[PDB]
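Chains as they are written, first to last, in PDB author numbering: chain L, 1 to 37, 48 to 430; chain I, 1 to 37, 48 to 430; chain C, 1 to 37, 48 to 439; chain F, 1 to 37, 48 to 439; chain A, 113 to 168.
For every residue, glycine included, the Cβ atom is placed at its ideal position computed from N, Cα and C.
Accompanying notes for the structure given below.
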Ligand SMILES: Nc1nc2c(ncn2[C@@H]2O[C@H](COP(=O)(O)OP(=O)(O)OP(=O)(O)O)[C@@H](O)[C@H]2O)c(=O)[nH]1
Ligand SMILES: Nc1nc2c(ncn2[C@@H]2O[C@H](COP(=O)(O)OP(=O)(O)OP(=O)(O)O)[C@@H](O)[C@H]2O)c(=O)[nH]1
Ligand SMILES: Nc1nc2c(ncn2[C@@H]2O[C@H](COP(=O)(O)OP(=O)(O)O)[C@@H](O)[C@H]2O)c(=O)[nH]1
Ligand SMILES: Nc1nc2c(ncn2[C@@H]2O[C@H](COP(=O)(O)OP(=O)(O)O)[C@@H](O)[C@H]2O)c(=O)[nH]1
Ligand SMILES: [Mg+2]
Ligand SMILES: [Mg+2]
């Protein structure tokens, strides 16, 4: 009941999804053979647990990899709908040219996955924004299914481009297109960025050789913690919608920030105590989150915190109220108790307490200002446009897309100034 | 009681009949000797069981093709009506001059096989539609026996021309000539294409060396599952006439489609369970039918689902009601609850469930339309006409044949638009 | 219960027949002595012990019939099917159509009748005549007419070695070739134009033999014949009886002149570095370069195309490959034939000739194409005719043998009237 | 499932292709016998054991093709994918593009079609041709036009050996370089200018060998090509297909002439001595001493930089080093491209060719750059053109081969316009 | 039954590859016998040329 269809997509989507299903198989005690030793898995003959998930890419590369690595037997081969021509970092190439040629089968399998459910609650996506395959295919799929399923909610665990050193040079174009699409037909654009992950792995775990495995494991932990207070017993339960309703005051204002706690090295593990005050110290610090927007250089329209662990309750609420009424400047004023909490009863594997802290803030306006600025600087010279027009598209969208982008921040800053 | 005389003819007829008697002998637990270890076989001195099938052709090579193969010694040699001259792949040859002055012996054999029964029910023929000897002798025998035995019923499992690329170059001519003899003298005719069988065996079972043996095996399994609800006990048993009355609303809309379920690959079988919602999800799929006419381009005037094995009838009825009310567009309305069910009580040899789907759809008309093009584009130039003319064939008949075909497709075009 | 009767008139006919009987004997496991150490289609047992072939070997020069009478097969053919006269044909049609054959046709027809009396499932005839010569042209056409007025309904194929486009093997060829073509117009249901120019090219390029000879040519012709007859001979998931070709590929009653092709005719090395699946094999089968006849199918339309596959072949690839090959725009069909394809399947892989240049391979295709570009060939050939009939060259060697001169005119014009068909059928509706 | 075609036209192209195929057979572990004891990108299995490489070798001079047919790799290639002419190109572009170029390019297109049909997810084309040569320009340009009019959407990335501005191996390089440049301007999407001089000072400053020979140059170019294709070949943390390149580094459809660089380039004497840290290796990658094209990158301003890391790579220090490089004052990009670095990572170190003067090392960076300073090359090259067309030197050798005399002007004119754009981009806003 | 079907198809594919390698054996034998043929014919040509030229 209240199932979830996981939609992969793009190279980043495939890798993060592999890591996510790894973490879920760990938590629910599933070995990589497929047996046990309904919210996510589907039962199959002989007690087998096949993950309710779908992979996709215009290239069979990362699919081949995740089918070769660990936990490659779980996902059924009917859900590996994959083209062989590749997209190649061209959003139009993966949203207008090959979109119409593979989206048919993708919608077919997604329908056969959703109808196979009884009472679906929401969707949940993992993709990038610059890479053609990820951004294009994923946002086209979101468009189709949201124009198909109107009542259920969306979830985009989207990795935005890093600020300083990009991964692709034409990144801002695909980024602004995907953010003008997802702002219209998606309820949570939970943004993640790599450089903050690097700063974390150097500052709060001491791993001086940060490989993508550890970053993917961290975002996997956050993603799992997002919904853990649903598939477990809870002193005060939550879901994908209690968040979604305690979070967004206005449907456009739905671009969150993420944070996980606690994070410790091997040396620090022995000494650091695990009680809700230091968990709060961590979850409300700047260098602890996974976003390129200093939370101390903005405010919080709202912020929810899912706890995990058999701990007290009065102290949770007391520390929430203290953190609020202390930094009342760093929070917004016109809303009362802008901090929402929830508590489950089962901690993760390896700890005893855990906090997934998500927040609808207004600091990400810096990130969108940076992206819009790069867009202007790369567009006012028609640079790299002869690709995005050879694939059936006129510059109009871009401008209007960027136009919509402006309005977005034009609201954020506004609400950061109102006082009543 | 309620016997069946299976007549074959032509190359496709003989091969499909060989594999079909193989499958039947497998079902009733027989070995190629013909001993056990009335609807189909006949007892013979010493506990032997001889099939009640006559095998006819104009070319005695196909005999040595079917006889030498396994499960071959069954058919009694007093039935191989094999003219020793030739066929030539021409209709008028096998219907007026050469394959016509032999039909008297075939009538003799059919009569000796019929008058020896107690309550004969219906004839069950398997033959091609464009093959000279096959189609020609099939339609001639149809005319004769249907003018002769109207008390019984008629059923023909024909194979249509491969839609995309042909297998003979004069196939439209003979296909139309046979169609003009079918709608006037038949009572049940299912159609099968050699094209959708490839797409199935290659995208449903992941085969790499699909031999005509295996495709014939699939078709024969479907044919056996059709009438399996008659010779076996059942919570609700059907026959060859309950279909003929619950399917055809008018004496000519009698061209059905065939679908078998379940059909699974190796991995896809490892990952999916055997529960009747899954069989239903696989049954209605357009990529799962033996007729190259996507039913999505039309509706179902009616569709009978003959199950096998053992299952709660409430599950069957809930699946039927859900698939009917949910796909409310792909079903026509002026015939309420246009889907019929039936449940026998014997699973296949080595499964737990089974589903045969016989569907009178208004979507196959398109296929006929296709032929209505080719024939028309092969008549204004009088192409290849002189071969058929060389046997006394009056071209006038051709005309009305096409005309007849017109009405046929016109009929369907009048109904998928009908509203109430 | 099904068999054929092969005739090999003329000089080229007996050669290709020698090679073809070599291949047949060495496929069925029939020793050159006629004794074994499927054959009902070609051979027949003499009650016990040895096989004898179903054939008749006519000629007028005693040279080749003697060479096979004392060659390696001196003890295989019944000595009554080797009919040789006294004088020679001498490349003039009337010598083998009015004077010499005038009575030899009687003995030949009586022997053909005695053969057909023994056949049980006779399907058709497979003649072999190099029309460029005298006896294979004249006597060949006379025998064709005699059979067509004697038996009738029985199909009649043919494998004629027409004059090449460019290289020369005689000078009076356009006369006794046009006469044979005019006398072959109706009595023969299937003409398969073979030309020694394209096969020389192939043997030069694909078979890598730089110095070929009619031996290798005839090996390849025998391979084509056997790959065509494998349908009747051995088993196949989709067989065709030669009366298939009589109705799939003869749209209009007069036009039946088609061209053949085979694949893969590749040497040992050039195939050792090759996957060589059905896809490549059929995309090469359509190639105009390696057609047995000589023409430019890229400059004409197709009308019908039969393709017999042999060997371990997967049908799905057959279907997909024919689909993609009908997808091409350079290969187009005429309006009045949308279903322009015919296929057959035989489970017998190709047999290699011990000591043959051709390499062994599992999958092979044989294509019989009724096209409309081959038309121009006749024109070109007819072209030559005019440049000889403009001054009545060489006509006295013909009028001296009872042949009415006016005949030439008729044929030369009536064959030209044949063009009225071709250049018409190439026009869409 | 995904693969690339490899074309090697000209003289230098074929030698560097020989080296590149040696390296490719070595990396995957393929023996020169074809039998082996990931290759879908390059090789193709021949049903049972052996492998044929996706490659064609065009050259009108048999000498190098004869050498490769009788070299150490006589057994690998297909005996037809080694296409040889009979006469030299003679460094006059018209010879390999109008007179004889019409003879063999059709055979190349036939072979390329038959080689692509047996592929499924083909992505691009990697042609290899010196521009200074005769057939490396004429036949190369003709083939490129044929492929453009034939396929289309398929990417095309040449690797041309442009003549050095100082070292000279011919006296008519300007002519048949301007011509092939004007031809290739609109056909090949991404043309990487690989010079032949700067590699000499490279292998004299790093490998410390004083008297280098062409074979070393070809081995180094082979190393660059393998370091490029390793993404589609192997697995890694950031796979970057070939269709990635022509998507990131082509700001305007006309300005795409990029220069490459490779590191680490060090022989064994200091290999153990030097540390070769990621920071220092990416610092050496950017120093103007070791750019394959003879240019000082400081003259202009970069526009795009694709850096491909292979081997043991730690992304954190990668980003730190890239940031330091971005803060270096010696290098800077144009204003309108803030996101300047595209990065890919793989999971495989280089491999060493026995005899390759390079040394084995865990990490490797191949960095390609679409920049502005490269413009000057054309200028100086264009310089020479004037001092030839001011006196119609060597022009009659071209006018005698069908090429119109005044056509040069057009080509020259067009390159001027090219230079125009190389100044319309370097300006701020 | 799934395991049995998997094993049977594995065996069939093995038989396929085995017959392919058999055919490759045959092709290499063919090429080498052709080379034998051409060299022996060259020596025979030299022999006949000596026999014809020394025919004074
Ligand atoms: N395929 C093939 N063609 C041949 C062969 N020998 C000759 N030909 C062709 O047949 C033609 C020779 O004309 P002939 O058949 O010898 O003349 P004829 O009709 O037999 O008249 P006579 O010599 O008097 O018996 C030429 O076109 C040859 O190319 C052969 O062995 N194989
Ligand atoms: N990088 C590299 N360049 C080479 C090599 N060999 C020759 N070159 C270049 O080839 C150019 C000479 O022109 P060619 O390519 O030989 O002329 P062509 O068009 O191939 O035709 P020909 O005149 O018959 O040789 C010179 O600029 C050489 O630098 C090599 O091995 N490696
Ligand atoms: N946190 C994280 N981000 C990744 C990873 N791999 C790729 N990304 C991002 O994914 C983006 C590429 O998008 P994608 O469409 O999947 O690449 P494409 O398939 O070549 O078009 C790049 O901007 C990368 O930065 C990873 O392993 N971890
Ligand atoms: N699935 C299947 N189709 C066959 C088989 N044999 C023939 N067919 C069909 O038979 C058609 C040709 O007509 P056919 O009846 O064989 O000619 P005839 O028997 O000589 O009159 C072709 O379209 C084939 O598709 C078979 O064994 N299996
Ligand atoms: Mg002769
Ligand atoms: Mg050269």
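beta-carbon residue i near ligand 3 non-hydrogen atom, thresh 8 Å
i: residue 97(L); result: yes
Residue i: CB within 8 Å of a non-hydrogen atom of ligand 6
i: residue 10(F); result: yes
i: residue 144(F); result: yes
i: residue 71(F); result: yes
i: residue 104(F); result: no
i: residue 99(F); result: yes
Interface residues of chain A facing residue i [CB-CB closer than 8 Å]
i: residue 59(F); result: 133, 136
Environment of residue i [buried if 16+ CB atoms lie within 10 Å]
i: residue 176(F); result: exposed
i: residue 101(I); result: buried
i: residue 10(C); result: buried
i: residue 159(C); result: exposed
i: residue 89(L); result: buried
Proximal residues of chain C, C-beta to C-beta of residue i below 9 Å
i: residue 173(I); result: None at all; the shortest Cβ gap to chain C is about 10 Å.
Cβ-heavy atom distance, residue i to ligand 4, below 8 Å
i: residue 247(C); result: yes
i: residue 349(C); result: no
i: residue 171(I); result: yes
i: residue 68(L); result: no
Near ligand 1: residue i beta-carbon under 8 Å from a heavy atom
i: residue 15(C); result: yes
i: residue 420(C); result: no
i: residue 173(C); result: yes
Proximity test, residue i beta-carbon vs ligand 2 heavy atom, cut-off 8 Å
i: residue 77(F); result: no
i: residue 303(F); result: no
Within chain F, the residues that residue i reaches when beta carbons sit closer than 8 Å
i: residue 151(A); result: What residue 151(A) touches in chain F: nothing, since even the nearest Cβ is about 17 Å away.
Per-residue contacts from residue i into chain F (C-beta, under 7 Å)
i: residue 182(L); result: 349
At least three beta-carbon pairs within less than 8 Å, the stretch 366-377 of chain F to the stretch 286-302 of chain F | yes
Meets three-Cβ-pair contact criterion under 8 Å: the stretch 305-322 of chain F and the stretch 256-263 of chain F = Two segments are said to touch when three or more pairs of C-beta atoms, one from each, lie closer than 8 Å; by this definition the stretch 305-322 of chain F touches the stretch 256-263 of chain F.
Inter-stretch contact at 8 Å, needing at least 3 Cβ pairs: the stretch 113-128 of chain C / the stretch 20-33 of chain C = no
Are the stretch 379-397 of chain F and the stretch 299-313 of chain F touching, with three or more C-beta to C-beta distances below 8 Å?
-> The stretch 379-397 of chain F, when compared against the stretch 299-313 of chain F, does touch it at the 8 Å Cβ threshold.
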